[PDB]
Amino acid sequence: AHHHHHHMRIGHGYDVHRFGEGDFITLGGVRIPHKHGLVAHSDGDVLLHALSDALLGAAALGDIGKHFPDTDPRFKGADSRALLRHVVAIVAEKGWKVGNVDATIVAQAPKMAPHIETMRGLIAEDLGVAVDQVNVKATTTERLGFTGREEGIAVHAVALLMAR
Amino acid sequence: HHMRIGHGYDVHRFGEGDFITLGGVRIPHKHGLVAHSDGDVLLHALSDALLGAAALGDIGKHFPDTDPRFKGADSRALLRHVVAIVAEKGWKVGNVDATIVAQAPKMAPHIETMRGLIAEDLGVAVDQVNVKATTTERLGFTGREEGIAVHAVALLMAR
Amino acid sequence: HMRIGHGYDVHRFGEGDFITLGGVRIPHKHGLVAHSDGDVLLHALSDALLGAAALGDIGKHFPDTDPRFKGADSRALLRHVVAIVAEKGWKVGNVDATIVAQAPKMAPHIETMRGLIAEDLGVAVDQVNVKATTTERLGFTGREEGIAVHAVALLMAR
Ligand SMILES: Nc1ccn([C@@H]2O[C@H](COP(=O)(O)O)[C@@H](O)[C@H]2O)c(=O)n1
Ligand SMILES: Nc1ccn([C@@H]2O[C@H](COP(=O)(O)O)[C@@H](O)[C@H]2O)c(=O)n1
Ligand SMILES: Nc1ccn([C@@H]2O[C@H](COP(=O)(O)O)[C@@H](O)[C@H]2O)c(=O)n1
Ligand SMILES: [Mg+2]
Ligand SMILES: [Mg+2]
Ligand SMILES: [Mg+2]
């Protein structure tokens, strides 16, 4: 008796990748044509990485690197949707499911708007939730800072977890 | 008892003008803020935190800068609309917390005024609203006084 | 009932041979410039707690104009924040923080930070998350001009 119930947890992820050569970027599982790619060991999906770290952070499980180190061949080159699904499983094992997530793509270019709803659908599938539990938005910094100078893209993500 | 989290981040550049508007307060200043609306970075970030928590997108979806009807819009009115459509979806405000990231002007004399206006627009008590301000120690675009940034977070509760 | 808060703090590097983060002394080619001991991480956590509780920010409670707090241990400042948040009726549910720094390497120090933070917050270690990341040499953190921290907190009614 007298156990904890209906507990909730907050997490926040902030990720950055710099532009490099390529013909597209990948955000939220969606390939977006662009004259640069993002520099990364795999697909450079800044949005899914930030969401992953928000989930792990809420669960006090560290960050992606703690669970998928580069020394581990299993996850070498892994698709970031597959990584996110593995994060969801780890967090579930610890007793937590997703209540909702909200994320902000900080990018001067390309435009994110036409891709947002597709991202929401894929993220919701990977998180095991309804689309109404997932929000993605975007903003520029009005040509200020490293995102404004088109040097890279940043994402802020927050997550609220609920006890399973 | 269900709840939702949201986060908003907004930036506006300085431009010509004699005041800025933050949290509904007009602060005399050497520059204004450039924006389609009145440029209230703080109310924009709060609006996006609320829309984000309710999975309703962002303020640019609801009040596009391609629509001249929203030119110079009072961001308090935009925020009140956000509160209304969040309520329609079944949520009210639990609490909000925001950080103004600005090298200048000093926000301190205006914080409590901002809290009262924000609480009124959100339909909550002043104790459910926190506003704070910080500098970046003259680093980065806010430190060079190129613009102002705001981070806001919101927790929604079931109506 | 629960409450959300967020803190963001930045300090610039200055001449020195260590920094203090999460209560831990980390050797470095520079120090951090600050009125206090410069612990960006504890400052951001303090502001997330105060923000959630609608108690303002840490400068309201420990003004930089007061010489008595010059060089102050940011853990002691945090312990006071925890006490006044409790007096208002709130305790910590969990916190999550991100150190944004190109250097020094934070990884060897994180578990030590979590232990000190959890003690100061009056919670278990499994209620405290700290992670570190770079901006891939972009921006003022990428140019090694300073360190930033983002922290979020969820408070629970006492
Ligand atoms: N890279 C970006 C940046 C912003 N946007 C969208 O543009 C609108 C206005 O953004 P700004 O306020 O940054 O101009 C928002 O609705 C935002 O989601 C976008 O679709 N792609
Ligand atoms: N633009 C700003 C920036 C900070 N401040 C206040 O100054 C104090 C210290 O902030 P800094 O250490 O960032 O200078 C804080 O309490 C903050 O509320 C302000 O009143 N206006
Ligand atoms: N200042 C820093 C930045 C990152 N890190 C470590 O580097 C890992 C990967 O971070 P980046 O992707 O930012 O390089 C983190 O999970 C953390 O263990 C660190 O230990 N100190
Ligand atoms: Mg990444
Ligand atoms: Mg705006
Ligand atoms: Mg500080």
Side-chain angles (χ1 to χ4, degrees), chain A residues 104-110 112-117 135-145 147-148 150, chain B residues 6-29 31-52 54 56-88 96 98 100-102 104-105 107 110 113-114 116-123 131 141-142 145-152 154:
Chain A
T104 304
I105 300 162
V106 188
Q108 190 65 42
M112 302 297 161
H115 312 290
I116 295 292
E117 295 309 314
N135 197 70
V136 182
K137 50 209 186 307
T139 191
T140 76
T141 56
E142 306 291 337
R143 297 196 61 197
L144 303 182
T147 63
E150 302 182 70
Chain B
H7 168 250
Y9 176 68
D10 193 29
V11 174
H12 285 282
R13 311 162 58 99
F14 286 117
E16 201 169 354
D18 296 331
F19 65 91
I20 63 178
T21 308
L22 290 173
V25 178
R26 282 189 171 191
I27 305 168
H29 190 52
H31 300 117
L33 289 171
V34 176
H36 190 232
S37 68
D38 64 7
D40 195 322
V41 190
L42 170 53
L43 297 188
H44 296 174
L46 280 164
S47 294
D48 279 349
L50 298 163
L51 293 167
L56 291 172
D58 58 36
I59 196 76
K61 305 297 168 182
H62 296 270
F63 296 104
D65 62 5
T66 50
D67 193 331
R69 292 177 297 177
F70 306 126
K71 184 180 174 183
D74 191 328
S75 289
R76 293 186 61 192
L78 306 184
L79 179 58
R80 290 189 290 270
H81 175 70
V82 167
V83 172
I85 64 172
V86 166
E88 184 181 23
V96 300
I100 302 159
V101 185
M107 306 295 165
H110 303 290
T113 310
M114 296 177 188
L117 300 181
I118 290 163
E120 188 191 335
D121 294 337
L122 293 187
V131 178
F141 65 84
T142 66
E145 300 185 22
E146 291 167 355
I148 293 181
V150 174
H151 282 277

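Chain identifiers are assigned alphabetically (A, B, ...) following the order of the sequence lines, protein sequences preceding nucleic acid strands; residue numbering begins at 1 within each chain.
- For B/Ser75 and B/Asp38, the side-chain atoms include at least one donor-acceptor pair closer than 3.5 Å.
- Partners of B/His36 according to the ring pair (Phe, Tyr, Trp, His ring centres under 6.0 Å) rule, which considers only residues two or more places apart in sequence or in another chain, do not exist here.
- A 6.0 Å sphere centred on CZ of B/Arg76 holds more than 12 heavy atoms belonging to other residues, nucleotides or ligands.
- With sequence neighbours left out, the ring pair (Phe, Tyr, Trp, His ring centres under 6.0 Å) criterion links B/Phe63 to B/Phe70, B/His81.
- Here A/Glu117 pairs with A/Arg120 under the salt bridge (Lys or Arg N to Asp or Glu O under 4.0 Å) rule; sequence neighbours left out.
- Under the side-chain hydrogen bond (donor to acceptor under 3.5 Å, both in side chains) criterion, B/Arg26 pairs with no residue at all, not counting sequence neighbours.
- With rounding to the nearest 0.5 angstrom, the NE2 atom of B/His110 is 13.0 Å from the CG atom of B/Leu42.
- Residues B/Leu122 and B/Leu79 have side chains in contact (heavy-atom distance under 4.5 Å, counting atoms from C-beta outward).
- The side-chain heavy atoms of B/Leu78 and B/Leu43, taken from C-beta on, include no pair separated by under 4.5 Å.
- In terms of the side-chain hydrogen bond (donor to acceptor under 3.5 Å, both in side chains) criterion, residue partners of B/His12 (sequence neighbours excluded) are, by chain and number, B/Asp10, B/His44.
- Remark: the backbone N or O of B/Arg80 is not paired with any side-chain donor or acceptor of B/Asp121 at under 3.5 angstrom.
- In this structure, a donor-acceptor pair under 3.5 Å is absent between the side chains of A/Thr104 and A/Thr139.
- The salt bridge (charged side-chain N to carboxylate O under 4.0 Å, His left out) analysis of residues 63-73 of chain B, with sequence neighbours excluded, yields the pairs B/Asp67-B/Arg69.
- At least one donor-acceptor pair under 3.5 Å links the side chain of B/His62 to the backbone N or O of B/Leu56.
- Among B/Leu46, B/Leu51, B/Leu50, the single residue meeting the side-chain contact (heavy atoms from CB on, under 4.5 Å) criterion with B/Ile59 is B/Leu51.
- Atom CG of residue B/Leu33 and atom CD of residue A/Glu142 lie 10.5 Å apart, to the nearest 0.5 angstrom.
- The closest side-chain heavy-atom distance from A/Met112 to A/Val136 is not below 4.5 Å.
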